[PDB]
Structures are given as structure tokens and as C-alpha cells.
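For reference, the structure is listed below as C-alpha cells.
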Amino acid sequence: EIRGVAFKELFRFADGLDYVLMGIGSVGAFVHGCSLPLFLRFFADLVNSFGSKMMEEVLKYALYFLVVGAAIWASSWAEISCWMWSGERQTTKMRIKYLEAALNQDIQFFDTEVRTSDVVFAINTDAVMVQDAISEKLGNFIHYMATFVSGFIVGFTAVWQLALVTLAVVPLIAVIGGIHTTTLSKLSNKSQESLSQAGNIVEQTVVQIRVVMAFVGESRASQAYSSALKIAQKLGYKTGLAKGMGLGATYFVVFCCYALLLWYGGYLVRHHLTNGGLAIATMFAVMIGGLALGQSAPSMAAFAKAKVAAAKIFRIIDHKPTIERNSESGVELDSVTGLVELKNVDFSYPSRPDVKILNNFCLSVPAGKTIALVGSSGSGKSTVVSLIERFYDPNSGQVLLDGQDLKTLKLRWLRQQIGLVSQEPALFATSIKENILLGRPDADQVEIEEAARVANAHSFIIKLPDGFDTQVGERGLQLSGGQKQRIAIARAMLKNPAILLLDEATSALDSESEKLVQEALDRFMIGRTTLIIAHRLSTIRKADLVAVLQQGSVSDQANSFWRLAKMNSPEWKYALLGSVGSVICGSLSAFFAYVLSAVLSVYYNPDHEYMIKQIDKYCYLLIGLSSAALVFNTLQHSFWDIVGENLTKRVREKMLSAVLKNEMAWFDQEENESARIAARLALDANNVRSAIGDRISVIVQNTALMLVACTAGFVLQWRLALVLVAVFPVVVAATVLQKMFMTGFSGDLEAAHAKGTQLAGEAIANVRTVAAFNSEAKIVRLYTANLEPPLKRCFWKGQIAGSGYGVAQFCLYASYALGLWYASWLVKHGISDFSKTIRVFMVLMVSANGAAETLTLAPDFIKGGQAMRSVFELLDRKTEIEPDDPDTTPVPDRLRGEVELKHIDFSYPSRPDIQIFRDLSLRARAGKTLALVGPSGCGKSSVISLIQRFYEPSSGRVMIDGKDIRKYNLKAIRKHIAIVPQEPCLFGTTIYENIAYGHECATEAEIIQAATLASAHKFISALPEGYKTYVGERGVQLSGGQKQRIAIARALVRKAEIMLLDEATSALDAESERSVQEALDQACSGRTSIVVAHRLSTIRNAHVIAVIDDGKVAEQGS
Ligand SMILES: Nc1ncnc2c1ncn2[C@@H]1O[C@H](COP(=O)(O)OP(=O)(O)NP(=O)(O)O)[C@@H](O)[C@H]1O
Ligand SMILES: Nc1ncnc2c1ncn2[C@@H]1O[C@H](COP(=O)(O)OP(=O)(O)NP(=O)(O)O)[C@@H](O)[C@H]1O
Ligand SMILES: [Mg+2]
Ligand SMILES: [Mg+2]
């Protein structure tokens, strides 16, 4: 465990405006806290002048009443509004600083101790925790502490002995608070770690959603999510028990102190030290102070959790990169020529330090000559590029640029002078114009068009209906395989480099397109040096020099609450128990007041023996009620917290199931992206937990207190005015809370922050891409621009919450003061008695304090309405393609494999103007392989997407074994289909689990057999941990050939009747490609295949050869 930061450390992001907002909020909280005890003492001093003509007194007291009401209104408004706005400002600044600190970390930091889900969780949940600490909760804590201090001061003014003996309660409260905060901080640390793991599971599931549904992995993902959430719910159970114990102990100590105060006051009255009224005022003040201490628990609860979260964030924020770019003092060579050398480079990756990738590696790329880096799969090559880009510093060697060590000069102008086309083109979620513009932000439109033209990208871009502004793709999945690669080539070529690195730039392209791109590059590489990694002889022939790499060298209720209750029925037992506890607790509060007020009339009896006996009896009653309050506070808090934990866990499971049940058209939307979906789920769960589950107990307790106050008013026959004043707080609280909830339940602008979260997710998922193009500052600027609208919306919400709290406080104070005036007027005139009114008004004060505690929950209700609307909008949505229709034609156990497409007319939901298929009739024979060929955008992968019902054809019929796939069970039919994705990314797990993802249960021997049949066993066994090696966030800690061989092994261990396959032989050496192709041909004999090929030599015995020309039925015979 890591120790949390100091409380002061929470305020390192405050500026002058934040300081003045915090000061105004603190002044308002202090004045609001002192308003009540000074008001009571002022009435005590006002009684005499009220008894003592009348019109002048009434007018003066009315104007003083108006002044005090205005002061209370302003103070209670500021205490909420200023604190909310200041907390939001500091939280936004801290999020921006966290993103900026994370973005300029080393590359080795992102495959070691941070993931994309980790940063998303830090931006969302930990930041909300820190905000809740520095938001209006701090203002409430200051208000309660001011109330306690004011009560002690006025008690000291009235009776100094009683105030002094009251002052002995603070050490016990301090000890209880310290113990409770320590336990809560540790439990919250563990719970937050578990929740981060669960969020990682969710994000990884959504990112690879096509692979997840293709291999029927929704159930496994849901089970893993539930298993992760079980730990969090157990820690929540423990947290609720700890909170119950703390609140019970605090109430027990406060009530025992009350009884001791009562007995000591009786002793003082026995002598001639103090009279009745002074003890009355002191009892009132001490009661208010104890109630304030009781209500100040949620602030202390949030403080420790947010201290832990802020420690977690500040660990990343204060972390300094080990590369240590020499931005202040670098060489900054002026006229770079192009001579780049690797001299005696000994390099081993930080993730696997034992494996030495390069030993004594020497390679001199000349000033203006091209080097073709031929070599084996998983042997240098892409690592060498990572050395030139300064992704990793060489461990025991040197990298030189024009005879200058790269570590002695800043890497900013390096990456500005290097144009990189990586193995996997990492495209962002913006438009393709912004993706191309990443190379040079300050470029004209004509320059962008020229860069696209030379990179052979203009033809397919101008054909798009939206042109260059086409905003498609999260990982580029809304473009074809070659389109995103050509866009990456255009992006790299726009930034005119002196050194150009092409790590398999051609890779997956059509023959004509590949020739055009390579010729344009050749006429583009005349004056600049280039390092090219390519396993195709076409580029090698044109290359100037060739280097062979071997062995690392060179050779409302109706729609929100009742639906939750129906969903969460099998907890109404626990809730009921907790409910009664809360109710009981509230009763004691009222009851306690009554008892104390009764003692207030015993003090005046001259009979000392009878008075002493009454004092003793009431002291025993108070001790019994104190013990009961202890027990029932513990019970109510523990059970309400277990109810909240069950609520949140069931909500999370239901939301994840709803997300995973949807179709591709849903996932191909800007709102329904992986980082945004994960952030939505996490924020919704956190809001329905903290703002609803943690407030139901206090809501029902205060409601019960107010109702029992009204019931005692009816039983004891109070006047109609008194019961009206008692009822008024209930109506005010109900109206205010309903208004805040409806404000929350109607409208939002969280999508502005959701865009920032998604931008951070893309930036962290593509740290190599953002680093190579020096786009960290651009990402930070876009993040700040996205975060401003949430800042202003939260400003407005804080304004309305402060106004509501202020008006409610003013109404309560006005009602109480008018009641006080009426009661004193009744007593003076003798129309009513005295002791009865005293009990009436003590109970009234307790009820009003409970109502204020209820009113304190406005922002929580607003965010609870937000969360409820979000979760129910997610749940209500119904999918277009149901993953499993119960009433379907059964799938035969031995599927023949007669997959066909008849008159298929298909248009993607996104960009629906383009008609991908116009009357496409493709047929695959039973058990025979079929090859799909054509241009890049002809739709070869669209056929694969149509086979698995990712999207439905508009007017086409896709047929399986002579039966429509629509009338089959989608989950059942998907178990007989095995695919390999076009760009085979892996999950954030081991090789063993990645391969085992293909089949439900496949023990160990089957996994080994699949690995051998994919010719992947050799390198996996050569790894230090074998099949248990962690492969990275998306398989980043592996080469392309190894990743694709692992994907092939997974598709093989699926052992399906219809292996769709694809161009899975790319990114593989000629020998490796031949071995994999021979093994696949041997394994797939007798089973139908729909393999697509870009190199026609691979499909030598593919039987039927089908071309896709004009998106229609082209030649199919051969
Ligand atoms: N971040 C990383 N952590 C650990 N190992 C890594 C990492 N990145 C790459 N490797 C390993 O580096 C080894 C060789 O370097 P690499 O650059 O992947 O080779 P390559 O020859 O370019 N592969 P390929 O493109 O498929 O032909 C592979 O076995 C990888 O598993
Ligand atoms: N989700 C999507 N939304 C919109 N268009 C899409 C989407 N997915 C694919 N496309 C388009 O579908 C067309 C064909 O792409 P694809 O189905 O990958 O064909 P392909 O022939 O397999 N490509 P390639 O591997 O490069 O040869 C392209 O114009 C894509 O931009
Ligand atoms: Mg490579
Ligand atoms: Mg494709």
C-alpha cells in the first residue's frame, strides 16, 4: 500500500481565482455555522426587551430579522456555489496536468506500469473523488466545525463550567475519526484498485468488440467483470460496517456527554452557581454542536478516499521521464545530412530484460542512400526503428546522427526531422484530414491534397461523400486495410523529413496500388535517407544497400426508482432492516430532545431530593438511549451500505450486458466508443453509489425524525401554528430535492468531457504515434478545449444549487424565528404555558436541523438524476441484431459449410450514401476453399463482416448450409465459424489465454497443438515465461509476425467447420509464410475457406477464384 498525500497537497492546483473563491466560501460557511447559536443567544437576550412601545419593538425586530435572514441566505448560497466552482476548476486543472505529465513519459513507462484503462480511470473516478473532497463537502465541513465552535463559545458565555466539561468530548471524537479514516482509506484504496481492474476489463472488451462477438466472448467478459466487482462489493461491505461503527461510537459519546452535562447542571443548580436559563442556553448550544459533529461525517469520509486517489494521481504527475529530453540545452544540429549509425548497440527490452534482441549491432545508413532491412520475424528490424526514434535508449551501445549522440540533443527536433510509417498504422478518431494534418499542423489545404495525391490516397478520399472531412474510425476500423495505411503514409510524407523510416509501409495493398505507392516513394526519396523494412523483393530491388539482420547483428418514480426497485428486489430484506434502523435512530434524536427538555423543567423545583431523583432517572434513560443509538446507527449504516453495494454491482452487470448485446451499427458511433463507454459506465455506477446509495439512509432517517416530530405534535396537542412550523421543513426539503433531481434528470453536457476522456484514451493507446509526431501539446490543447464546457456547466449547476440551499435555509430560519416570536408572545400573555412550549421548540429545533441536513444533499441528487437517466437510457435501448433468439432453427452439430451470398445489397450504417454491394452473388462450395481478390476498397473484409451478421444487408440473402442465417441462432452459428482479423491485435493477457480465447475449454495439449500448427511454438517456448508472457495492451510487446501467428493459432484452436480466414499471411517472412500456408492447407482440408489474398501466388489451389469488381458479381470461374 502507498501512503496518501497530505490534505494541503490537495490544493496545489489552486490559483488566484480559486483562492478568492475558497476564501469567500470559507467566510460564508463560518457565518452560516455561527448563525444558529448566536441567533439562539440573541433570542435569549431579546426575551427581556420583548417583555418590555410595542410597535417600535416589532418594527426593529422585523428589520433585524430581515438583516439576519439576508446574511444567512448569502452565506448558505456562497458556501455551496463558491466551493463547487472552485473544486471544479481545480479538478479540471489537475486532470489537464495529469494528462500532460502522462503524455511526456517514456515509452518504456507505458508497457510497464500504466495502461489506457488506468489513465481513463484516473481521469474519471479518482478525479471525481478529489473533486468531491475539494467541492462543497469541504464547505459543509467548515460550516459544521463553525457551528460547533460557536456553540462552545455561546455555552462558555452562558455557563463556563458546562462548556469546559463539554470540551472534553473532542479527544474521543478525534480518536474515532482517526481510526475510521485510516480503515476507510485502506479499504477505499483496495476497492479503487479492484474497480480499476474491472474498468480495464470493460475497456479491453469494448476495444476488441468484433473479436469478442466473433468468438462468442460476451459471457466470459461478463463473468470476469462480475468476478472483479465481487472484491469491490466485499470491500464496500467492510466500509459500510466501519462507517456504522464510527457513527454509532460518535453518537454514543455525544449522548453520554449530554447526560454528563445534564447531571453537572443539576449539581450546579443544587448550589447557587447558575440559574435555569443559563443551563437552558448551554444545553441548546451543546445539542447543536453535537448534531453538527454527527452530521460532519460524510466530509471526513470523502477526505481520506480522495487523499488516496490524489496520491495515486500525484504519483504519475510527479514522475519524471528517464529519457530526459534535453529541451533546455540540446545540440540542435542545423543542417542534417542523413548519416545515421548504430554503433555496437546492445539492447534488451525493459519488459523482458533477459532476452537480448540486439548484441553488438552496427548499421550505418548513409547521407542519402536507402537501406533495405531484410531479416527474420522477431529479430531487430522494428526494434532498430524504435532506437532511431529514441523510443528506447540503447542499453550498452551508441546511436549517432551525423556523429552526434542522440542522448546529447533534444528529441523534439529529432522526431520533427524523422518521418515514420510504423508497422501498424495507428489512426485516430478524428477525420482523415486531421490524421494527415498530424504530420504538419500548420499546413495549407493544397499541401494536404498534394500529400494525399503522392501517397495514392486522393482517389479513394474524393470518392467519399464527405471528402477529407470524413470522420470515421476509432482504430481506423471504418476504413479498409489499405486506406488507413495510405493515410498513414500521407501523414508521414506531409512532414517532409530528412530521415524516413518505413517499417513495412506497403504491407497490405493491392498490386497496382503497391506499385504506385512504391514508385511515388522512390521519386520522393531522392534527396533524403531512408530505412525500409520490407520482405518483398520489389522494394529490395530499388533499394541502394541491403542489410541482413540475424541474431541481433548484421550478416421520477414511474420511470427511475420503481424500475430500480423491481430490478433490485432481492435486497428488500437488508434494506428493510437498515430502513428500520434509520427510522429508529431518527426517533431517538427527537425523543432525546424531549427528554432533555423535560429535565429543563425539573431544575426549578425547590425540592432537592425529588429533583436529584428525577435527574438520575433521566440520566439512566439518556444512557440507555445512547447505547440504542450506537447499536442502531451501526445496524442501519452497515445494511444500507450492503444494499448500495448490491445495487451498484447489479447495475454494472446489467449495463455491461446491455452494451455487449448491441450490434455493430451501435459500436460504429462517436458516442459509443470504448473509452467513452467505459467512462459512462464507471461514472454512472459511481454516481448511483455515492450520490444515492450513501444518501438513502440519511434521507429516511431525517424523514422519520420529522414525521415523529409531527406525530408528537398531534399526540401532545400542540397549537396549529406549531405543527405548521414543524411540517414546513418537510415540504421545503421535498420540493427542493425534487427540483434538484428533476434538474439532474433533464439535460446534460457530459459528452464534452466524454470527448476529452476519449481523446486521452486514444493518446495513451497510441503513445508511440503521438511521441513520433510531437503532438503531445496538441492533445493537451484539445483536451483543455473539451474540458471548458463541462467547467461552465458545472459553474451553472453550482450556482443553482447554492441558490436553492440558501433559499431553503432562509425559509427554515424565518419559520423558526416567527415561531419563537409567537411562542414568547403566548408565554408573556399567559394564553399558553411555558414548559410545554419549551419541549415543543426543542423538538422543533431538532427537526429543523434534520431538515437542513436533508437539504444539504442537493448536488448529490442532481448527479443521481444524471446517472439514473444515463443508465436507463442505456438499458432501454434494444439491439437491431439479437445475439441469441431463443426461437430459431437448431444448428446441426456437424455443419456442412455451405456459405453463400445471394443478391446482397449492402451499405454501411455510417456513411450510408456509398453502396458497397450492388447485387452481389458469391458462392462457396461445401468444404472447398474460396479466394476473394480485388482492389483495396472492393469490400473483401465486408464479406467477412456480412458472414458473421455484423451488419445486415439491405436487400440481400446470406445463406448457411441452404438455410438463412437470420433464422439460425447467432451465438450458436458463430461457434462453427473461425476468423482471423485483418489487423490481428491481441488482448492484454498472456499468449496462453489469447490462444485459449478461440475455444471455450481446450485444456493444454490442444493449445500447444494449435501453436505448433501455426508455427508459433518455437518463439513462444523461446520466451522466458513461455505461454504465460504478458503481451502488452494490444499485443504491443510482440512483433507483427508473432501477433498474427498467435491469432492464427487461436483461429485454429477454435476448430470450426467454416474457417473464413483472410490475408493472414502478411507481416510474415517468405519461409514463415510458406510454413503457415502449408500447415493451414493441411488443417483446413475438407473444410470450406473464404480466405482473401492480396498476393496471387498464395492462392495456387484455391479452387474457385472470385473477383469483386464494381461491387458486383465479377468473374468467378477462375
Ligand atoms: N515492448 C516490447 N516488450 C518486449 N518485447 C518486445 C517489445 N517490442 C518488441 N518486442 C520483442 O522484440 C522482438 C524482436 O523485435 P521486433 O522489432 O518485434 O522484430 P521484427 O523483426 O521487427 N518482427 P516482424 O516485424 O514481425 O518481422 C520480438 O520477439 C518481440 O516480442
Ligand atoms: N464501419 C464502417 N463504416 C463505414 N465504411 C466502412 C466501415 N468498414 C468498412 N468500410 C468501408 O468498406 C469499404 C471496403 O473495406 P473492406 O471491407 O475492408 O474491404 P477490403 O477489400 O477487405 N479492404 P483491403 O483489406 O484494404 O483490401 C471501404 O470503403 C471502407 O471504408
Ligand atoms: Mg516489424
Ligand atoms: Mg480488409
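Sequence positions for chain A are given in Swiss-Prot numbering; the residues included correspond to 23-74, 81-583, 681-1243, in order.
Cβ atoms are placed via backbone N, Cα and C, with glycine included.
Copied over from Swiss-Prot, here are the features:
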- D139, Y377, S379, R380, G408, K409, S410, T411: ATP 1 binding site (BINDING)
- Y286, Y941, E978: brassinolide binding site (BINDING)
- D793, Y1033, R1036, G1064, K1065, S1066: ATP 2 binding site (BINDING)
- 700-988: domain 'ABC transmembrane type-1 2' (DOMAIN)
- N217: N-linked glycosylation site (CARBOHYD)
- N771: N-linked glycosylation site (CARBOHYD)
- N797: N-linked glycosylation site (CARBOHYD)
- 42-62: transmembrane segment (TRANSMEM)
- 93-113: transmembrane segment (TRANSMEM)
- 166-186: transmembrane segment (TRANSMEM)
- 187-207: transmembrane segment (TRANSMEM)
- 277-297: transmembrane segment (TRANSMEM)
- 301-321: transmembrane segment (TRANSMEM)
- 705-725: transmembrane segment (TRANSMEM)
- 745-765: transmembrane segment (TRANSMEM)
- 821-843: transmembrane segment (TRANSMEM)
- 845-867: transmembrane segment (TRANSMEM)
- 932-952: transmembrane segment (TRANSMEM)
- 967-987: transmembrane segment (TRANSMEM)
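Structure with Swiss-Prot features highlighted.
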residue: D139; record: ATP 1 binding site; CB count, 10 Å: 19
residue: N217; record: N-linked glycosylation site; CB count, 10 Å: 22
residue: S379; record: ATP 1 binding site; CB count, 10 Å: 15
residue: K409; record: ATP 1 binding site; CB count, 10 Å: 26
residue: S410; record: ATP 1 binding site; CB count, 10 Å: 20
residue: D793; record: ATP 2 binding site; CB count, 10 Å: 20
residue: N797; record: N-linked glycosylation site; CB count, 10 Å: 19
residue: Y941; record: brassinolide binding site; CB count, 10 Å: 22
residue: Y1033; record: ATP 2 binding site; CB count, 10 Å: 19
residue: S1066; record: ATP 2 binding site; CB count, 10 Å: 17
Binding-site residues considered: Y286, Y377; fewest surrounding Cβ atoms within 10 Å belongs to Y377
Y286, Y941, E978 bind brassinolide per the record; greatest CA separation between any two, in Å, is 24
Check: Honestly, do the transmembrane segment (277-297) and the transmembrane segment (932-952) touch, with at least three Cβ pairs under 8 Å and pairs 6 or more apart in sequence?
Finding: no
For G1064 (ATP 2 binding site), the close recorded positions (Cα within 10 Å) drawn from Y286, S379, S410, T411, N797, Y941 turn out to be none
Between the C-alpha atoms of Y286 (brassinolide binding site) and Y377 (ATP 1 binding site), the distance in angstrom, to the nearest integer, is 67
> Is it true that the transmembrane segment (93-113) and the transmembrane segment (932-952) have 3 or more Cβ pairs under 8 Å, skipping pairs fewer than 6 apart in sequence?
Replying inline: yes
Here 97 residues go unmodelled from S583 to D681, and the two Cα atoms are separated by a whole-number distance in Å of 74
Here the binding-site residues are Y941, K1065, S1066, and the Cα closest to that of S379 (ATP 1 binding site) is found at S1066
Within 10 A of the CB of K1065 (ATP 2 binding site), the number of other CB atoms across every chain shown is 24
For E978 (brassinolide binding site), the same-chain residues 6+ apart in sequence with C-beta under 8 angstroms from its C-beta are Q323, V823, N827
Simplified DSSP label at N771 (N-linked glycosylation site) comes out helix
Are the transmembrane segment (301-321) and the transmembrane segment (42-62) near each other by the rule of at least 3 C-beta pairs under 8 angstroms (pairs 6 or more apart)? yes
Under 8 Å Cβ-Cβ from the transmembrane segment (821-843), and at least six residues away from its ends along the same chain, one finds 703-704, 707-708, 710-712, 714-716, 719, 761-762, 765, 768-769, 851-852, 854-855, 858, 961, 964-965, 968-969, 971-972, 975-976, 978-979, 982
Listed stretches 187-207, 301-321, 745-765, 845-867, 967-987 vs the transmembrane segment (932-952), most Cβ pairs under 8 Å: range 845-867
Binding-site residues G408, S410, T411, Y941 vs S1066 (ATP 2 binding site), shortest C-alpha separation belongs to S410
Among binding-site residues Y286, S379, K409, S410, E978, close to ligand 3 by Cβ (under 6 Å) are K409, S410
Min neighbour Cβ count (10 Å) across binding-site residues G408, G1064 flags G1064
Spacing of the two Cα atoms, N771 (N-linked glycosylation site) and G408 (ATP 1 binding site), in whole angstrom, works out to 51
Listed stretches 187-207, 301-321, 705-725, 967-987 vs the transmembrane segment (745-765), most Cβ pairs under 8 Å: range 705-725
